[PDB]
Each structure stands twice: as structure tokens, then as C-alpha cells.
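A.B. asks: Got a structure for you, questions after.
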Amino acid sequence: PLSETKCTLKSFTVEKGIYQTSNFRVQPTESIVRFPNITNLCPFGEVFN
Amino acid sequence: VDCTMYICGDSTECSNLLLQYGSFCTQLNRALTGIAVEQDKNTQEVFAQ
Ligand SMILES: *[C@@H]1O[C@H](CO)[C@@H](O)[C@H](O)[C@H]1NC(C)=O
């Protein structure tokens with residue numbers, strides 16, 4: 001964090017204060033794919049079986 | 001404003017293309033920070049008397 005501050009400010013010394021060095025983001029853990037409920041299974045079997 | 005996110009964040013390919021413009025939005029993240037700071041200064045000048 002202090003090195004984040006120093007490279008952000010392009011300095012080897014830092015004055016008292018708060019400096020924004022980055023942006024925090026939480027990344028996805030899992031993917032949710034939900035297609036509509038299927039009741040309408042297609043009767044291919046009526047021809048094949 | 002997080003300009004990386006504003007333009008298109010959480011994308012490797014968007015980031016690679018945002019970077020072809022250099023500091024184009026970095027300077028705005030900076031300008032906005034300055035404006036927000038000025039707004040705290042205004043509050044202090046008016047009320048912390
Ligand atoms: C007929 O139904 C069976 C179920 O045991 C299935 O395994 C098979 O794929 C079907 N046959 C054909 C030719 O599709």
C-alpha cells in the first residue's frame with residue numbers, strides 16, 4: 001500500500017494524506033445459467049423408437 | 001468515477017482497447033476527485049466558522 005501510493009503519485013516520498021491508487025472489484029465465483037422450464041420434450045423418439 | 005468501469009470494466013479485451021487511448025479518462029478520474037474535494041472545502045468554509 002505505501003508502494004501503491006508512491007508509484008501512483010510518481011514520487012519516492014509521500015506527504016500526509018489519502019491517495020487513490022486502485023479500484024476494488026469482486027469477481028464472479030460461479031456462472032448461473034437458467035433457461036426456461038422444459039416440459040415440452042420433443043417427440044423424436046416417436047420416430048426413432 | 002471509475003472510468004475503467006465506466007467505459008467497460010471486468011473485461012480483458014476492453015481494458016486492452018481502453019489503454020490505446022493512454023490517460024484519456026485518467027485525467028477525468030483526477031478532475032472529478034478535485035471537484036469532490038472542492039465540495040468538502042465549500043462545506044467547511046460555510047459551516048466550520
Ligand atoms: C430409444 O429409447 C432408448 C431408451 O432406453 C434410448 O436409449 C435410445 O436412444 C432410443 N433409440 C433410438 C434409436 O433413438
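A note on labels: chains of the C-alpha cells are A, B, ... as shown, every chain counts residues from 1, and ligands are counted from 1 in their shown order.
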Hey, could you make a per-residue contact list for chain A against chain B with 9 Å as the cut-off, showing the nearest pair of atoms and its distance in Å to one decimal, counting only C-alpha atoms, sorted by chain and number, as a Markdown table?
C.D. replies:
```
| residue | atom | partner | partner_atom | distance |
| --- | --- | --- | --- | --- |
| A:23 | CA | B:2 | CA | 7.3 |
| A:25 | CA | B:10 | CA | 8.4 |
| A:27 | CA | B:10 | CA | 7.9 |
```
A.B. asks: Which residues form the shell of 7 Å around ligand 1 when you count only C-alpha atoms and all ligand atoms, given as a list in words?
C.D. replies: residues 45, 48 and 49 of chain A
A.B. asks: Can you list, as a list in words, every protein, DNA or RNA residue that comes within 10 Å of segment 5-10 of chain A when you count only C-alpha atoms, leaving out same-chain residues fewer than 4 positions away?
C.D. replies: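 Residues meeting the cut-off are residues 1, 14, 18, 19, 20, 21 and 22 of chain A.
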A.B. asks: For the helix (DSSP H, G or I) assignment from backbone DSSP, which residues of chain A qualify? Please present them as a list in words.
C.D. replies: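 Those residues are residues 2, 3, 4, 5, 6, 7, 8, 45, 46, 47 and 48 of chain A.
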A.B. asks: For N, CA and C atoms, I'd like the residues from the last selection saved as a short mmCIF file (atom, residue, chain, number, x, y, z; two decimals), in the first residue's frame.
C.D. replies:
```
data_model
loop_
_atom_site.label_atom_id
_atom_site.label_comp_id
_atom_site.auth_asym_id
_atom_site.auth_seq_id
_atom_site.Cartn_x
_atom_site.Cartn_y
_atom_site.Cartn_z
N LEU A 2 2.00 1.28 0.64
CA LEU A 2 2.75 2.51 0.59
C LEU A 2 3.44 2.61 -0.76
N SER A 3 3.79 1.47 -1.36
CA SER A 3 4.42 1.47 -2.66
C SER A 3 3.36 1.77 -3.72
N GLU A 4 2.08 1.44 -3.42
CA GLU A 4 0.99 1.77 -4.33
C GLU A 4 0.91 3.28 -4.38
N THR A 5 1.02 3.90 -3.20
CA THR A 5 0.92 5.33 -3.09
C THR A 5 2.09 5.99 -3.79
N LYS A 6 3.30 5.50 -3.55
CA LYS A 6 4.45 6.10 -4.20
C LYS A 6 4.44 6.02 -5.74
N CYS A 7 4.04 4.86 -6.37
CA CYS A 7 4.03 4.79 -7.84
C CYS A 7 2.86 5.60 -8.42
N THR A 8 1.75 5.68 -7.69
CA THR A 8 0.58 6.43 -8.14
C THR A 8 0.90 7.89 -8.25
N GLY A 45 -38.37 -39.47 -30.40
CA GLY A 45 -38.46 -40.88 -30.03
C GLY A 45 -39.63 -41.56 -30.71
N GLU A 46 -40.70 -40.83 -31.02
CA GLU A 46 -41.84 -41.46 -31.68
C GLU A 46 -41.46 -42.00 -33.06
N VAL A 47 -40.39 -41.46 -33.65
CA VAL A 47 -39.93 -41.89 -34.96
C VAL A 47 -38.78 -42.88 -34.79
N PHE A 48 -37.85 -42.55 -33.90
CA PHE A 48 -36.67 -43.39 -33.67
C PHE A 48 -36.91 -44.73 -32.95
#
```
A.B. asks: From the options B:3, B:35, B:11, B:42, which residue's atoms come nearest to residue 23 of chain B, counting only C-alpha atoms?
C.D. replies: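 Using only C-alpha atoms, residue 23 of chain B sits closest to B:3.
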A.B. asks: Could you check which of B:26, B:44, B:39, B:16 is closest to residue 1 of chain B, using only C-alpha atoms?
C.D. replies: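 Using only C-alpha atoms, the shortest distance to residue 1 of chain B belongs to B:26.
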A.B. asks: For a test of reading the model, state the distance in Å between atom CA of residue 8 of chain B and atom CA of residue 34 of chain B, rounded to one decimal.
C.D. replies: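 Between atom CA of residue 8 of chain B and atom CA of residue 34 of chain B the gap is 23.1 Å.
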A.B. asks: At what distance in Å, to one decimal, does atom CA of residue 24 of chain A lie from atom CA of residue 12 of chain B?
C.D. replies: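 The value is 15.8 Å.
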A.B. asks: Using Å and a single decimal, report how far atom CA of residue 26 of chain A sits from atom CA of residue 17 of chain B.
C.D. replies: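 Separating atom CA of residue 17 of chain B from atom CA of residue 26 of chain A is a distance of 21.8 Å.
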